[PDB]
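> fold the following.
(5 chains, ligands or ions: 1)
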Amino acid sequence: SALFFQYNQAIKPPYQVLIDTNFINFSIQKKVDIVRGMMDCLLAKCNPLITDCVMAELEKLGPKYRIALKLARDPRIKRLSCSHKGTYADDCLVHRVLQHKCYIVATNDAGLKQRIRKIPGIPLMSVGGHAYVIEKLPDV
Amino acid sequence: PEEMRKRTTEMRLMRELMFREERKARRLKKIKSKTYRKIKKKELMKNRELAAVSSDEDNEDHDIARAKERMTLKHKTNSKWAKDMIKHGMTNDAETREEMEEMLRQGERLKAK
Amino acid sequence: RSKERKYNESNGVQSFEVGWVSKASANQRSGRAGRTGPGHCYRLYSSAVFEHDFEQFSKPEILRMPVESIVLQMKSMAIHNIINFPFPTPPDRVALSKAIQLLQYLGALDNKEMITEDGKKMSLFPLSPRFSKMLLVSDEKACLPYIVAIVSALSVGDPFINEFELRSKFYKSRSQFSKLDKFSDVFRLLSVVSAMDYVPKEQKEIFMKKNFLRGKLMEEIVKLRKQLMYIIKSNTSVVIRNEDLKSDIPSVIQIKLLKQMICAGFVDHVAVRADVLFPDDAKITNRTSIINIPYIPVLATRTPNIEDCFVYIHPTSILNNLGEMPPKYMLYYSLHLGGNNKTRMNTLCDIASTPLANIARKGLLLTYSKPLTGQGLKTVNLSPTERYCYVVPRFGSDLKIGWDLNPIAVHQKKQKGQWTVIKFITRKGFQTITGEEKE
RNA sequence: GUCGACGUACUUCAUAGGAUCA
RNA sequence: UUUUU
Ligand SMILES: [Zn+2]
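Residues are numbered from 1 along each chain as shown, chains lettered A, B, ... in the order given. See below for the structure:
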């Protein structure tokens, strides 16, 4: 009901955006702030969301990625619970978007981007060049 | 005593031994031909595979390895070397294409679940 | 016409051929009439064929079948020079040579053709030299009852009825007796023989018919099991009851050991999948039937075309129904010439590489390469005379087909200038050793 | 002069790799 | 096909 052909008529500001594990790496690599970078790209308030699978995925990374773990635990970033055994974040992220059509997916993996692309009405955010880019979001 | 003489001989053999590996190790060090090093590497991977010297990776070990690969994406064509070869028509050649594909299949392995 | 078993010594292939009987044999058949009254013999061949094509006498028994048992017995007589033995018709030199070679591989004879202590020890049994060696090594971990049953079954012949000689019922009985192992014909035999032990005497006949089992052979297998257990108990220290033959299931550890004891007697009949040696010539696909997967026996005489040496799985083996790829190496009892001019091998059981090297170490069928070098593989040197290293064992005897086994960590000691392998080492044992010298 | 060298502008040849299925 | 301590 939220989808008009390929146009999602439910996703409206402020946006709820799921943070993928690799998104944080390139956000750090490009010196782009998570909260403001999304604000600049979309010109709207963004509510970043980190699920348990990505959060567990981050902790397994090791001491090298301590900064990303610290940023992931910033109080502004809300947490999303998981009711599934598997810890694979890509499978978790694909699952949630299918259930409810309100989430932006912020990621940089080519494989996960293709799977989300096949799902209709899912805006897909990525970090490239110097700042964030949003692909399938007409209100921009 | 004469046992001291036995000690010197045992040391002498050990010293003569260490030199032999040093001479052989020095000579193999200088040879850095791709074909020669490629043949040695292939034979080594067979021996380790055949003798199973390497321990089996636990599911948790594979997950950690997969996590780092997703975190970094180090084995795609966006790397400096891969991008340099691709953009300048050096990958049309067979040999440098094999190295690129070797890199890509290795990345795919770590992506497997 | 008579169906004779012809044994081709060159390739070890057994063939059954229908050919003309000898004149004496025909005369003997004609003699069956005339025992109770004047009689007639109607021959279905012309006198022209008889006078020309029929041999006067059939070839003596000695010149047609293996002589390894006889050589061992005569060597136990201290008849060292079998060639000068006054035979009625001396056996062929080639047959004698392979008999000596087979005995040497089994450890019966030393390199100078004298009887070893094992050779004397095998001659005390009523079995072929191969089957003795199986019983010889069975002492470990109470495996003796299983080896006796296996040995008796093979010594007497197969109590199984084949599909050609005869469907759901047949496979149902087969399913029950293959449960011990999915890669062994031998353990299928052991399953039946030991299963019979729990059958009460009254139901034994119903069991044999229900399972397509030849009645006569199993009864002799029972009888021959008692005689073996009698000779061993009597000569090891004797009344044996039917209770003595009752035995429980082998443990997983035992089953692996039985494969090793079985391989002890058939060290010379190990076959390797051809794709392992010559992947170009033997291209195996997932569509290829298991029955059509080529194998190469050890010590096979090399031909210009390697396909001439190929050996395929027999239709009767359980492996044809295995459903996955067959094991890397296989033990076979004998080779039969199929109707398609394809050699078929009667499998015994699968053997892994490292155990196979262990057993062949005591035989003349294993040689060691030079120490390996590289990451992980490093020749640890305790002293000028002893070291720890990885070597590649070569299996098989350069005119034959030998192949290299997986590398195995060994302990070597320098003896009279030559490095001699003392003992094998596990991967953990070598790794701890590499650590110890570092500390 | 179907001339040599250089400069300039273009054309062209070297791309498939793994898994499954028949 | 036979057959053996
Ligand atoms: Zn989840």
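> distance from the chain centre to the longest helix seen in chain C, please.
Longest helix in chain C by number of residues (criterion: DSSP state H): helix C:215-236. Computed by C-alpha atoms, centre = their mean, to the nearest Å, the chain-centroid distance of helix C:215-236 equals 20 Å.
> could you check how far the residue in chain A that RNA strand D sits nearest to is from chain C?
Of all residues in chain A, residue A:111 sits closest to RNA strand D, at 12.4 Å by C-beta to the nearest atom of the strand. C-beta: built from backbone N, CA, C; applies to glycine. According to C-beta to the nearest C-beta, to the nearest Å, residue A:111 and chain C sit 28 Å apart.
> that's a helix at that residue, yeah?
Yes: Residue A:111 sits within a helix when classified using DSSP: H, G, I helix; E, B strand; the rest coil.
> in the helix or strand just after the longest helix of chain C, which residues are buried?
Scanning forward in sequence from helix C:215-236 by DSSP states H and E, the next helix or strand is helix C:252-265. Residues of helix C:252-265 classed as buried: C:254-255, C:257-265 (neighbour count, 16 or more other C-beta atoms under 10 Å in any protein chain shown).
> how about the nearest residue to the closest residue to chain A within chain C, chain neighbours excluded?
Here the residue of chain C nearest chain A is residue C:375; by C-beta to the nearest C-beta that distance is 23.7 Å. Nearest non-adjacent residue to residue C:375, counting by C-beta to C-beta, 6 or more residues apart in numbering or on different chains: residue B:44, 6.7 Å away.
> please apply the same query to residue C:276.
Among residues not flanking residue C:276 along the chain, residue C:328 sits closest, at 6.3 Å (C-beta to C-beta, 6+ apart).
> now the one you found: how far from residue C:263?
Using C-beta to C-beta, to the nearest Å, we find residue C:328 at a distance of 14 Å from residue C:263.
> also residue B:105?
As judged by C-beta to C-beta, residue B:105 and residue C:263 stand 39 Å apart.
> how about residue 6, phi and psi?
You didn't pick a chain, so chain A it is. Dihedral angles of residue A:6 (phi, psi; degrees, to the nearest 10) stand at phi -100, psi 10.
> have a look at the chain and report its longest helix.
Since no chain was named, I'll use chain A. Max-length helix for chain A by DSSP H is helix A:89-99.
> right idea, wrong chain: chain B
Longest helix in chain B, counting by DSSP H: helix B:3-30.
> so that one, near chain C or not?
Yes: applying C-beta under 8 Å from any C-beta of the partner chain, one finds helix B:3-30 in contact with chain C at B:10, B:13-14, B:17.
> and RNA strand E, which of those reach it?
For RNA strand E, no contacts are drawn from these by C-beta under 7 Å from any atom of the strand.
> which residues of chain A fall in strands?
Ranges of strands in chain A, per DSSP state E, are A:3-4, A:7-8, A:15-19, A:46-51, A:78-80, A:103-106, A:124-128, A:131-134.
> residues in contact with the second one?
Contacts made with strand A:7-8 from outside it, assessed by C-beta atoms under 8 Å, 6 or more residues apart in numbering or on different chains, are listed as A:2, A:101, A:120-123, A:138.
> same question for the fourth one.
Contacts to strand A:46-51, defined as C-beta under 8 Å, 6+ apart, come from residues A:14-19, A:34-35, A:38-39, A:72, A:76-82, A:89, A:92-93, A:96, A:103-104, A:106.
> now swap in stretch C:213-225 and tell me
C:148-149, C:152-153, C:155-161, C:192-193, C:196, C:205, C:207-209, C:245.
> list every C-alpha atom in that stretch, with coordinates, as PDB.
Coordinates of each C-alpha in stretch C:213-225 appear next as PDB, following Å, rounded to 0.1, in the frame of the first residue of the first chain:
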ATOM      1  CA  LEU C 213      22.600 -67.100   1.100                       C
ATOM      2  CA  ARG C 214      24.200 -70.300  -0.200                       C
ATOM      3  CA  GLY C 215      23.400 -72.800   2.500                       C
ATOM      4  CA  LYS C 216      26.400 -75.100   2.100                       C
ATOM      5  CA  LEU C 217      29.200 -72.500   2.200                       C
ATOM      6  CA  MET C 218      28.100 -70.900   5.500                       C
ATOM      7  CA  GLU C 219      28.000 -74.200   7.300                       C
ATOM      8  CA  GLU C 220      31.600 -74.900   6.200                       C
ATOM      9  CA  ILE C 221      32.500 -71.300   7.300                       C
ATOM     10  CA  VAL C 222      31.100 -72.200  10.700                       C
ATOM     11  CA  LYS C 223      33.100 -75.400  10.700                       C
ATOM     12  CA  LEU C 224      36.300 -73.700   9.600                       C
ATOM     13  CA  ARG C 225      35.800 -70.900  12.100                       C
END
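> what does chain C have sitting close to chain B?
Contact residues (C-beta under 8 Å from any C-beta) of chain C with chain B: C:372, C:374-377, C:381, C:383-384, C:390, C:392, C:406-409, C:427.
> write the PyMOL selection for whichever of those are buried.
This is how PyMOL selects the buried members of those, with burial counted by 16+ other C-beta under 10 Å:
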select buried, chain C and resi 372+376+377+381+390+392+406+407+408+409
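> next step: the residues of chain C next to chain B restricted to strands.
Filtering these for strands - DSSP E - leaves C:381, C:390, C:408-409.
> got a markdown table for these, with distance to RNA strand E too?
Below are these laid out as a markdown table (distance: C-beta to the nearest atom of the strand, whole Å):
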| residue | distance to RNA strand E |
| --- | --- |
| C:381 | 52 |
| C:390 | 44 |
| C:408 | 37 |
| C:409 | 42 |
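> so which of those comes closest to residue C:439?
residue C:381 (15.7 Å; C-beta to C-beta).
> what sits opposite that closest one in the beta ladder?
residue C:387 (DSSP bridges).
> next, find the distance separating it from residue C:137.
Distance of residue C:381 to residue C:137, computed by C-beta to C-beta: 35 Å.
> right, I'll call it a day here.
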